[PDB]
């Protein structure tokens, strides 16, 4: 959370595609969602495109229901820093400020 350099909180997606803009594989950040409150969107750069993955809540947290779920984002994040499978790419540099 707040003190995490990868978290930009409340910026339109629209902003994020921008932040993330000298493309660079695994360049990511995380922001709170608008249409569904309490929820997250993790933004990823991969192949010059920017992909997104809603973070759902289900007793906890996750992107692959059912698959892998977390206690903290600060931890889904770690997780997706060593094994990508599931999303397009391995998270590397957090975009920051």
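Positions refer to the first chain, counted from 1.
Name the higher of the two by mean Cα B-factor in the PDB entry, 80 to 88 versus 6 to 14. Result: 80 to 88.
Where does the C-alpha B-factor of residue 45 rank in its chain, lowest, middle or highest third? For residue 45, whose C-alpha B-factor we compare with every modelled residue in the chain, the answer is the lowest third.
Going by the recorded CA B-factors, say which third of the chain residue 64 sits in, lowest, middle or highest. Its C-alpha B-factor belongs to the middle third of this chain's values.
Could you place residue 57 in the lowest, middle or highest third of its chain by Cα temperature factor, using the values in the record? For residue 57, the deposited C-alpha B-factor lands in the middle third.
According to the PDB entry, is the CA B factor of residue 71 in the bottom, middle or top third of its chain, that is, lowest, middle or highest? Middle third, going by the recorded CA B-factors of the chain.
Comparing residue 34 with the other modelled residues of its chain, is its CA B-factor in the lowest, middle or highest third? CA B-factor rank for residue 34: highest third.
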